[PDB]
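Chemist: Build me a model from this:
(4 chains, ligands or ions: 12)
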There are 4 protein chains.
Amino acid sequence: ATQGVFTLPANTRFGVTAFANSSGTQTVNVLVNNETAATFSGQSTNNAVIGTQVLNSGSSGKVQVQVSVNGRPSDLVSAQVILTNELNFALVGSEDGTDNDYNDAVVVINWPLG
Amino acid sequence: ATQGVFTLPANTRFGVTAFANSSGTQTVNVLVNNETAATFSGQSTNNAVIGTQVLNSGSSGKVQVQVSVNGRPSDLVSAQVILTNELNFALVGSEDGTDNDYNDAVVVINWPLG
Amino acid sequence: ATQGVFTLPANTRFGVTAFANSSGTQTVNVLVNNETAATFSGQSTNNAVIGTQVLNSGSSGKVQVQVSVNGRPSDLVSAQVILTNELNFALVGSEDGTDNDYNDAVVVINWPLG
Amino acid sequence: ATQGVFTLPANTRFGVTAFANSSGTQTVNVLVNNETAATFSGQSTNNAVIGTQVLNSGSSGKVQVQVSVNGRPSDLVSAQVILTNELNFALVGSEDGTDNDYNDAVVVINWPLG
Ligand SMILES: OC[C@@]1(O)OC[C@@H](O)[C@@H](O)[C@@H]1O
Ligand SMILES: OC[C@@]1(O)OC[C@@H](O)[C@@H](O)[C@@H]1O
Ligand SMILES: OC[C@@]1(O)OC[C@@H](O)[C@@H](O)[C@@H]1O
Ligand SMILES: OC[C@@]1(O)OC[C@@H](O)[C@@H](O)[C@@H]1O
Ligand SMILES: [Ca+2]
Ligand SMILES: [Ca+2]
Ligand SMILES: [Ca+2]
Ligand SMILES: [Ca+2]
Ligand SMILES: [Ca+2]
Ligand SMILES: [Ca+2]
Ligand SMILES: [Ca+2]
Ligand SMILES: [Ca+2]
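Modeler: Numbering: from 1, shown residues only, chains lettered A, B, ... in the order given. Ligands and ions are numbered 1, 2, ... in the order given. Provided below are the atomic coordinates:
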């Protein structure tokens, strides 16, 4: 099944933050309405934040997270969780190798903000 | 029901990161085996990261997140989500006022690391 | 924080199913747009299904699950999880006593159907 | 990533329930420690319960849900959610065709029981 794709309410500010846990340099791309809106790149094996930014879901509300290492797309796992019917978390994990820890690049999208 | 308390596998490294979305200064305290292990403090209405750190769950695996503003405990909401039976997210939202956006202090705990 | 309240897409068919795990008779009430739409009642300590039904979210999309034992409201815990940005689960747990297993009445709402 | 596999605490009673939403007959197989423990079969396009049963996670705690239609494995989506660090839900969705509603066979595993 497709992973890393989330439908957010339209024209809503949301945060996107990425963490790295791999020897390989992680390239995290965030698309809004199928067009790039943010790109983070970094390397860490200690969960360092390689990027964080505030974006707007726009008219479509479509947000997609892509993760690659040296140009090769990583396998993604994702889900959205909503607490008290208000607080949203769109979560993404990714695997660039063979150990299957799926934390090589971890991306957290949260809203509402402010 | 109690919120903000999570049982992680023993002696496991995990990451904890906090974001702020409120006029009030957020004080996030993380306890491991009922003893403080990390404290983040900051203010932002734009989802700024007020802290991030790598901790160890220790022998008990008990991790508890506390959030307060000017010494008054905020109301918490939380849940744990596991993807592909490997990637874990312990999520916490908090409300310090009356608008109920529960994002005043948002805390994300993730594991495994590395 | 409020629990047991979910905003579903408008005019959408959804399923609601309740399980019981308590000595007390569980009364599960489901409200759509603040008006009762379904009521299940039963007793079991072996997770028996005390009710299942197909409802429509209607114009408001507001769905609220209430659980009580002998007229006393139980304490609720809840969350919504979305898989592959399509499959939705609105989950509710409830505690009628002191052991805090929160399974006395477990309610699962799922959509889409068909 | 692998889906439909969950690690439950050892020797713990859990419930497993399946719903159907497809023209095709759904065959849901539940394995405990890689050995079949339950099999449900049924057809419905109205979310009918095609099976529910109480099982024990056993010594390994390994539980895997498989779904097939006419012998062809369906594509699975899954996740585990824990509320108030006590109530567990292992969720599975499946797609047997091309519309991607992933509800053709929906499986819910919950614990603790009693
Ligand atoms: O070379 C990449 C890789 O093996 O790096 C070490 C660990 O972070 C792994 O999970 C990751 O797949
Ligand atoms: O004064 C605190 C408060 O009102 O600040 C503005 C918003 O972030 C609110 O959600 C928050 O409760
Ligand atoms: O008398 C009610 C109660 O104690 O019944 C036995 C168990 O199911 C408990 O969790 C429940 O709170
Ligand atoms: O023939 C199988 C199928 O098309 O049946 C009707 C709907 O339930 C669909 O989602 C399902 O994939
Ligand atoms: Ca890896
Ligand atoms: Ca890794
Ligand atoms: Ca607030
Ligand atoms: Ca706020
Ligand atoms: Ca109880
Ligand atoms: Ca009980
Ligand atoms: Ca289908
Ligand atoms: Ca279907």
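Chemist: switch to C-alpha atoms for all contacts and neighbour counts from now on
Modeler: Noted.
Chemist: Phi, psi for residue A:33 please.
Modeler: Per-residue torsions, residue A:33: phi 60, psi 40 (degrees, to the nearest 10).
Chemist: same deal with residue A:60?
Modeler: phi -90, psi -30.
Chemist: Residue A:78 contacts residue A:92, doesn't it?
Modeler: Yes. Taking Cα atoms under 8 Å as the definition, residue A:78 is a contact partner of residue A:92 at 4.4 Å.
Chemist: Now list whatever residues contact both of the two.
Modeler: Counting by Cα atoms under 8 Å, 6 or more residues apart in numbering or on different chains, the common neighbours of residue A:78 and residue A:92 are residue A:4.
Chemist: Out of these two, name the residue with the larger neighbour count.
Modeler: The residue with more neighbours, out of residue A:78 and residue A:92, is residue A:78; 29 against 26, by other Cα atoms under 10 Å in any protein chain shown.
Chemist: and that one, what helix or strand is that in?
Modeler: Using DSSP states H and E, residue A:78 maps to strand A:75-83.
Chemist: Which residues does that strand contact?
Modeler: A:3-4, A:6, A:67, A:88-96, A:102, B:77-79, B:81, B:83-84, B:93, C:78-85, D:1, D:79.
Chemist: strands paired with that strand, and their directions?
Modeler: Strand A:75-83 pairs in its sheet with strand A:87-95 (antiparallel), strand C:75-83 (antiparallel), by DSSP bridges.
Chemist: Between the ones you listed, which one is closest to ligand 4.
Modeler: strand C:75-83 (15.3 Å; Cα to the nearest ligand atom).
Chemist: Residue A:6 contacts residue A:91, doesn't it?
Modeler: No. The pair residue A:6 / residue A:91 is not scored as a contact, 9.4 Å apart, by Cα under 8 Å.
Chemist: Does whichever strand in chain A runs longest reach ligand 5?
Modeler: Criterion DSSP state E: the longest strand present in chain A is strand A:35-56. No. Strand A:35-56 lies apart from ligand 5 when judged by Cα under 5 Å from the ion; the minimum separation is 10.4 Å.
Chemist: and residue A:10, how far is that from residue C:28?
Modeler: 34 Å (Cα to Cα, to the nearest Å).
Chemist: Kindly report the same for residue A:48.
Modeler: Distance from residue A:48 to residue C:28, by Cα to Cα: 45 Å.
Chemist: more crowded one of the two?
Modeler: Taking other Cα under 10 Å, residue A:48 and residue C:28 do not tie; residue C:28 has more neighbours (25 against 19).
Chemist: burial measure for the nearest residue to residue A:80 once chain neighbours are set aside, as a count.
Modeler: Spatial nearest neighbour of residue A:80, excluding adjacent residues (Cα to Cα, 6 or more residues apart in numbering or on different chains): residue A:90 at 4.3 Å. Neighbourhood size, residue A:90 [other Cα under 10 Å]: 26.
Chemist: ok, residue A:90 touching residue A:65?
Modeler: No. Between residue A:90 and residue A:65 there is no contact under Cα under 8 Å: 9.9 Å.
Chemist: related to what we said a few turns ago, can I get the strands paired with strand A:75-83 in TSV including distance to ligand 7?
Modeler: Below are the strands paired with strand A:75-83 laid out as TSV (distance: least, Cα to the ion, whole Å):
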stretch	distance to ligand 7
strand A:87-95	11
strand C:75-83	19
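Chemist: between the ones you listed, which one is nearest to ligand 3?
Modeler: Going by Cα to the nearest ligand atom, the one of the strands paired with strand A:75-83 nearest ligand 3 is strand C:75-83, 10.8 Å.
Chemist: can you tell if the closest one touches ligand 9?
Modeler: No. Applying Cα under 5 Å from the ion, one finds strand C:75-83 separated from ligand 9 by no less than 9.8 Å.
Chemist: in that strand, what's buried?
Modeler: C:75, C:76, C:77, C:78, C:79, C:80, C:81, C:82, C:83 (16 or more other Cα atoms under 10 Å in any protein chain shown).
Chemist: cool, stretch A:3-12 as well?
Modeler: For stretch A:3-12, burial by neighbour count (16+ other Cα under 10 Å) applies to A:3, A:4, A:5, A:6, A:7, A:8, A:9.
Chemist: Spatially nearest residue to the third one (excluding sequence neighbours)?
Modeler: Once flanking residues are discounted, residue A:5 sits nearest to residue A:64: 4.4 Å by Cα to Cα, 6+ apart.
Chemist: packing partners for the longest strand of chain A?
Modeler: Packing contacts for strand A:35-56, counted by 3 or more Cα pairs under 8 Å, 6 or more residues apart in numbering or on different chains; DSSP states H and E, involve strand A:13-32, strand B:35-56.
Chemist: most tightly surrounded among those strands?
Modeler: Sort the helices and strands packed on strand A:35-56 by mean neighbour count, taking mean count of other Cα atoms under 10 Å in any protein chain shown, and strand A:13-32 sits at the top with a mean of 22.
Chemist: Pull up the residues of chain A that are close to ligand 8.
Modeler: So far as Cα under 5 Å from the ion goes, chain A lies against ligand 8 at residue A:114.
Chemist: Identify the residues contacting whichever residue of chain A sits closest to ligand 2.
Modeler: Relative to ligand 2, the nearest point of chain A is residue A:114 (4.6 Å; Cα to the nearest ligand atom). Contact partners of residue A:114, counting by Cα under 8 Å, 6+ apart, are B:21, B:22, B:45, B:46, B:47, B:103, B:104.
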